[PDB]
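These numbers come from the heavy atoms of this one structure, side chains and all, not from hydrogens, waters or symmetry mates. For reference, positions follow the sequence shown, starting with 1. Numbering of ligands and ligand atoms starts at 1, following listing order.
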Amino acid sequence: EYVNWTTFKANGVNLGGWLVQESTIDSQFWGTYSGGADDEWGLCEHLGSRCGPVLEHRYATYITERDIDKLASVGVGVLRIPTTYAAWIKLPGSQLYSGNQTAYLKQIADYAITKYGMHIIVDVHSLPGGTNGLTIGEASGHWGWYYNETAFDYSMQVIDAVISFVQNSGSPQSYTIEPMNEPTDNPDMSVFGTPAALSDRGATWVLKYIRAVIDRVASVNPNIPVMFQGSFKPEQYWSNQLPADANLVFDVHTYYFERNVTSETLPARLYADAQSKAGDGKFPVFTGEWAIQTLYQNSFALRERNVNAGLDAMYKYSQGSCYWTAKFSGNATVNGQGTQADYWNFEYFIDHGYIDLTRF
Ligand SMILES: *[C@@H]1O[C@H](CO)[C@@H](O)[C@H](O)[C@H]1NC(C)=O
Ligand SMILES: *[C@@H]1O[C@H](CO)[C@@H](O)[C@H](O)[C@H]1NC(C)=O
Ligand SMILES: *[C@@H]1O[C@H](CO)[C@@H](O)[C@H](O)[C@H]1NC(C)=O
Ligand SMILES: *[C@@H]1O[C@H](CO)[C@@H](O)[C@H](O)[C@H]1NC(C)=O
Ligand SMILES: *[C@@H]1O[C@H](CO)[C@@H](O)[C@H](O)[C@H]1NC(C)=O
């Protein structure tokens, strides 16, 4: 059956650091191969002709079917899989690597679908020209996507390629298409993650894009849902700019590592945030990214209580959540106990008995 996000709910993880590279998720990989760069773009340019071979090895090893087995053993029902635009098109001028990403995407997705019945969110994290000035949007310092007709044309070709992948998957009812991630045009980094990170001028271009995508997907298969990561606005900001019959679910992201909160007081914040992001009911809401690290006083002991309290909150007020991220080994210190790898690594929660998603 095709998924209807006004009734469907699921709990799962992101597969971060696998087909999109980021410095924080694997400290050992980034130290060895980045050459000092802070984005995937610069890591790849630094490696030159060796970029492909290195990344192809990572695609084959960082996430495998054994990792999927471990996720299923606790009842994970949804995988959010970030990809770069370079997995889908070969953009002239780009320093991101265009290789066999979709071959690994299919092997892993087919397995999670066939063996365990999981749903797959295919996330196009970056778009040609850059959507947010950050590595995840294309490259550090790139905001060239906005108002750029050439970049717009290439972006729709990206979506055409995702549509075909879903249509020829053998199970198109298993996929949700997410055509962008965290678009922002505000250069002040202290306002990232907040509504002011996207101007109204930039929002008109985002709306142009998301309506073009809604129409293009529906023209091929009106049953494939579209997931709109509407930057850091509330769903109510977008809901009256879109026809009610769009097959549309909103993806909101909720983090706490730069907010004045402690591990002790985190559950109150998790419940408040899920309540305020529940939306107006014209379209449903999914919490596609979250994590339990707080800015202050991080506590090993409270990890089990806090991750389970987040799962509770996002399932009660919304359609569920995907943790960031499945596997994480970055060793940056945090305030209080430990490093980020003690709080962003979903595998540790599974391995130490914190997770039983069948209780929902
Ligand atoms: C999803 O369910 C809602 C509520 O019944 C309905 O209005 C909507 O048309 C359904 N989606 C599709 C694609 O039929
Ligand atoms: C973090 O991990 C990297 C990779 O193993 C290592 O080179 C570095 O020394 C570590 N940093 C700290 C502060 O432990
Ligand atoms: C990518 O996949 C194709 C199709 O199997 C294969 O022929 C090619 O050698 C692969 N390239 C790399 C770099 O693995
Ligand atoms: C427009 O987008 C293209 C495609 O990525 C990019 O190469 C170019 O630099 C962009 N132009 C501007 C002015 O940002
Ligand atoms: C964070 O909050 C605590 C109490 O909630 C307050 O004492 C502290 O000053 C705040 N931090 C900053 C930087 O204002």
Side-chain angles (χ1 to χ4, degrees), residues 1-10 17-19 21-38 43-44 47-62 64 83-84 86-90 96-108 110 119 161 163 165-166 168 172-177 213-228 235 239 242-250 279-286 318-320 327-345:
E1 215 75 294
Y2 284 91
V3 155
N4 187 311
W5 275 107
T6 77
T7 58
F8 182 78
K9 302 180 133 178
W18 177 38
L19 310 172
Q21 314 306 322
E22 300 177 49
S23 70
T24 52
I25 300 175
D26 188 331
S27 283
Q28 170 146 14
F29 172 76
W30 205 264
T32 298
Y33 294 109
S34 76
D38 70 4
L43 170 153
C44 192
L47 290 178
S49 67
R50 307 308 310 152
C51 175
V54 165
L55 289 182
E56 290 286 349
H57 176 71
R58 184 167 179 83
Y59 303 152
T61 56
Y62 188 69
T64 62
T83 68
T84 72
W88 305 102
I89 66 171
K90 202 288 208 190
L96 298 180
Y97 170 64
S98 289
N100 280 345
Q101 287 100 324
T102 63
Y104 292 101
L105 178 60
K106 167 178 198 59
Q107 179 170 55
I108 295 303
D110 282 0
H119 192 81
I163 290 168
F165 179 95
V166 172
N168 303 123
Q173 65 271 11
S174 295
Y175 299 84
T176 287
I177 292 181
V213 171
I214 289 158
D215 288 353
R216 185 64 61 78
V217 175
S219 81
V220 176
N221 186 337
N223 290 302
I224 301 170
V226 170
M227 182 166 281
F228 181 21
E235 171 267 356
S239 72
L242 297 150
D245 284 348
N247 195 357
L248 180 68
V249 58
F250 279 77
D280 56 28
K282 186 190 180 178
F283 299 105
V285 175
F286 186 76
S318 96
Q319 312 301 303
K327 301 178 91 174
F328 189 107
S329 64
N331 57 4
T333 195
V334 311
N335 293 327
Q337 298 171 359
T339 75
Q340 295 194 300
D342 303 298
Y343 302 88
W344 295 76
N345 182 29

Original post:
Is the closest side-chain donor-acceptor distance between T176 and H119 under 3.5 Å?
Top reply: yes

Subject >> Presence of salt bridge, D26 and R58, under 4.0 angstrom >> reply: yes

Original post:
Quick one: does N100 get an N or O within less than 3.5 Å of an N or O on ligand 3?
Top reply: yes

**OP:** Do me a favour and list the nearest non-hydrogen protein atom to atom 1 (C) of ligand 2 with residue, atom name and distance?
**Re:** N331 ND2, 1.4 Å

**OP:** For the pair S34 (side chain) and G31 (backbone), establish whether a donor and an acceptor sit closer than 3.5 Å, ignoring hydrogens and angles.
**Re:** no

Original post:
Judging by distance only, is a nitrogen or oxygen of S27 under 3.5 angstrom from one on ligand 2?
Top reply: no

**OP:** List the closest protein heavy-atom neighbour of atom 13 (C) of ligand 1: residue, atom name, distance to the nearest 0.1 Å.
**Re:** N247 ND2, 4.0 Å

Original post:
Protein heavy-atom contact under 4.0 Å for atom 11 (N) of ligand 1?
Top reply: yes

Original post:
What about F165 and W88, are their ring centers closer than 6.0 Å?
Top reply: yes

Original post:
Parallel, tilted or perpendicular: which describes the rings of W5 and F8, with under 30° parallel and over 60° perpendicular?
Top reply: perpendicular

Original post:
Any idea which protein heavy atom is nearest atom 4 (C) of ligand 1, and the distance to it?
Top reply: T6 OG1, 4.0 Å

Original post:
Any chance the side chains of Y97 and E56 put a donor and an acceptor closer than 3.5 Å?
Top reply: yes

**OP:** List the closest protein heavy-atom neighbour of atom 14 (O) of ligand 1: residue, atom name, distance to the nearest 0.1 Å.
**Re:** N4 ND2, 4.3 Å

Subject >> Protein contact for atom 7 (O) of ligand 2 (heavy atom, distance under 4.0 Å) >> reply: no

**OP:** Check each atom of ligand 2 against the heavy atoms of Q28 and keep those under 4.0 Å away; list them by number with element.
**Re:** 4 (C)

Subject >> Rounded distance [0.5 Å steps], CD in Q340 versus CD1 in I25 >> reply: 10.0 Å

